[PDB]
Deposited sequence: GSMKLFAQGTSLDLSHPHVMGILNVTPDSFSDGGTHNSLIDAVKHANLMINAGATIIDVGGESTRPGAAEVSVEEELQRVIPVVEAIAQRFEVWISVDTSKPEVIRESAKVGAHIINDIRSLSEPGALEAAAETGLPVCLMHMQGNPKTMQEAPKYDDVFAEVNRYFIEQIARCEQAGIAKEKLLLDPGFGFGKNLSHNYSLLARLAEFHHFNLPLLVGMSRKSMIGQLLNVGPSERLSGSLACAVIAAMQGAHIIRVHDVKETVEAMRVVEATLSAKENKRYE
């Protein structure tokens, strides 16, 4: 199970650490940061600046993708919902459209087909959160298939955070591997999220450990992309989960 973008490939045969690059100096404060996270072992960067106008956003997020495409052989993930951004990021060398809104914005769906790139679908918004999020995946995977983006370019993200309380969150985390039925890759972002801040009662700086544990639980069920802030630590932990799932038969 691989991804294909801008001529290259991503091997989802082992789990993958993606760092976060909120681009909200500036441009140099951005390439410095991505350098480090690549040094840490991030195999994808998640660039993003989000509301704001589509000119503010292009202004910020597009040059940063450019410098990274023309300095490191790392994969590049654009976090945005706007169609201009989708089509311009693709034209510079981005690999994954990452839309938290799931292509919902006017013309974003079509722009995402227009690029031929992998696109990541995340659930957002009766206590069957797993049915709720599965059927949201069953819906959107068809909405995109009608749009003509092949299912083999589709990535699933349950939507940790946002509007879900503690209970719902951890029911998803518990039933993560049940989404493997799609045969589609699973991206997960839980780092420093409130499902760790409430459980551990610590400022946003010190959630590193409850974080790491969410990263391992995900990965032990076969999650393919994990979206974090503390990359060096998550890579190291990801090293020993690969050592574990390789010891199986």
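Student: Tell me, which runs of residues in the deposited sequence have no coordinates at all?
Tutor: Since the structure holds only modelled residues, the stretches it omits are 1-2, 27-36, 63-69, 145-155, 280-284.
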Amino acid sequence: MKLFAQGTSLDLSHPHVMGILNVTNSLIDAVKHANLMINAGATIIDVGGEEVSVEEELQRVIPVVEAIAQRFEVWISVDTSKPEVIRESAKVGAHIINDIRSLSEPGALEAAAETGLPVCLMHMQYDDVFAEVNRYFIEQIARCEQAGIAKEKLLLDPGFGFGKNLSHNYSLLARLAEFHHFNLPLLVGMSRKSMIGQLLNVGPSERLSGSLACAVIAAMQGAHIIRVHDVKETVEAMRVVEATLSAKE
From here on, numbers count along this sequence of modelled residues.
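Each form is matched to the other, and the largest set of C-alpha atoms that superpose within 1.5 Å is called the rigid core.
Student: Between 156-164 and 107-115, pick out the one whose C-alpha positions differ more from the shown form in 5 other deposited structures of this protein, using the rigid core for superposition.
Tutor: With the rigid core superposed, the C-alphas that lie farther in 5 other deposited structures of this protein are those of 156-164.
Student: Fitting on the core, do the C-alphas of 58-66 or of 199-207 deviate more in 5 other deposited structures of this protein?
Tutor: Stretch with the higher C-alpha RMS distance in 5 other deposited structures of this protein: 199-207.
Student: On average, are the C-alpha B-factors higher in 139-147 or in 67-75?
Tutor: The entry gives the higher C-alpha B-factor average to 67-75.
Student: As stated in the PDB record, which stretch has the larger average Cα B-factor, 29-37 or 214-222?
Tutor: The recorded data point to 29-37.
Student: Looking at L184, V202, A42, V188, which has the biggest Cα B factor in the entry?
Tutor: That would be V202, according to the entry.
Student: Reading the B-factor column of the entry, which of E84, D157, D128, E110 has the highest value at its C-alpha atom?
Tutor: Within the set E84, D157, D128, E110, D128 shows the top C-alpha B-factor.
Student: Just say lowest, middle or highest third for the CA B-factor of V61 relative to the other modelled residues in its chain.
Tutor: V61: CA B-factor falls in the middle third of its chain.
Student: Report the third (lowest, middle or highest) to which the CA temperature factor of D230 belongs, ranking only the modelled residues of the same chain.
Tutor: Lowest third of the chain for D230's C-alpha B-factor.
Student: Can you tell me whether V17 has a C-alpha B-factor in the lowest, middle or highest third compared with the other modelled residues of the same chain?
Tutor: Answer is lowest: the recorded C-alpha B-factor places it there.
Student: How does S167 rank on Cα B-factor within its chain, lowest, middle or highest third?
Tutor: For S167, whose C-alpha B-factor we compare with every modelled residue in the chain, the answer is the highest third.
Student: Which third of the chain does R207 land in by C-alpha B-factor: lowest, middle or highest?
Tutor: CA B-factor rank for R207: highest third.
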